[PDB]
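Form deposited in one PDB entry, single chain, as structure tokens, below.
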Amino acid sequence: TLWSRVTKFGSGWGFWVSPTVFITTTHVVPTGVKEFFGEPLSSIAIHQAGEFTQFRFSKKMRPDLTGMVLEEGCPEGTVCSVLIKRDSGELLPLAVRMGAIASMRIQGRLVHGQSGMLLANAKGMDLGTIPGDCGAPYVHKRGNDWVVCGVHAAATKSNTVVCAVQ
């Protein structure tokens, strides 16, 4: 069910935190549209800053899901999994050790987020390092309660990643 939250969106992915809250990276979001997921813009509260986008829908969009904890990044040193899917729906998690919060200009856009380091398989598949992989969530486990703390925004050709954080 965790992976059923990861949804193809625009030029990447996003993540359902709850039935009404969807997060993604700003640069993958469609532009010049009258709706997202069939809902009018009048029924969505949208907040975008520092390459983090949050949609709060007035209607229950993903009632199949429970709510989980969304936090604004994680402590330095946390090991997260980036829940990358590819177009088949295949599940390809990327393990990352997270570093410090900062704001970094990457290809003209300011990313407010956390850099991290990837922990040969990933490279063979360009995991995290193709445009279609952005928006995937960074998660870690607190007991058996899952915490999402960012969205994939950037990564070097070849092993630093950046997730945008609220």
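Sequential numbering from 1, following the sequence displayed. Take the two forms, find the largest set of C-alpha atoms that superpose within 1.5 Å, and that set is the rigid core.
Asks: Indicate yes or no: is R109 absent from the model in at least a third of the other PDB entries of this protein that were compared?
Replies: Negative; every one of those entries includes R109.
Asks: Could you find out if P63 - modelled in this structure - is missing from at least a third of the other PDB entries compared that contain residues on either side?
Replies: Negative; every one of those entries includes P63.
Asks: I want to verify a possible break: how many residues of the deposited sequence sit between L119 and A120 without any coordinates (none, 1 to 3, 4 to 9, 10 or more)?
Replies: Unmodelled stretch: 1 to 3 residues, a short break.
Asks: Just how many deposited residues go unmodelled from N144 to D145: none, 1 to 3, 4 to 9, or 10 or more?
Replies: Missing in between: none.
Asks: Using only C-alpha atoms and the B-factors in the entry, which stretch averages higher, 62-70 or 107-115?
Replies: Higher mean C-alpha B-factor in the PDB entry: 107-115.
Asks: So 133-141 or 27-35, which one's hotter by mean CA B-factor in the entry?
Replies: Looking at the record's C-alpha B-factors, the answer is 27-35.
Asks: Looking at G124, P40, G50, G128, which has the highest CA B-factor as recorded?
Replies: So the option with the highest C-alpha B-factor is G124.
Asks: Splitting the chain's C-alpha B-factors into thirds, which one does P93 fall into?
Replies: Ranked within chain, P93 CA B lands in the middle tercile.
Asks: Please place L2 in the lowest, middle or highest third of its chain by C-alpha B factor as given in the entry.
Replies: As the PDB entry reports it, the C-alpha B-factor of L2 lands in the highest third of its chain.
Asks: For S18, return the chain-relative third of its C-alpha B-factor as stated in the PDB record: lowest, middle or highest.
Replies: Within its chain, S18 is a lowest-third residue by C-alpha B-factor, going by the deposited values.
Asks: Quick check for you: using the entry's CA B-factors within this chain, is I46 in the lowest, middle or highest third?
Replies: For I46, the deposited C-alpha B-factor lands in the middle third.
Below, we turn to the form deposited in another entry, even though it does not appear here.
Asks: Please name the one residue from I101, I130, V69, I46 with a C-alpha displacement of 2 Å or more between the shown form and the other one, using the rigid core for the superposition.
Replies: After core superposition, the one over threshold is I130.
Asks: By 3 Å or more, the Cα spacing of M125 and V96 differs in that other deposited form; is it closer or farther than in this view?
Replies: Relative to the shown form, the pair is closer.
Asks: Since the C-alpha distance between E76 and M125 changes by 3 Å or more in that other deposited form, give its direction relative to the shown form: closer or farther.
Replies: Closer in that other deposited form, by 3 Å or more.
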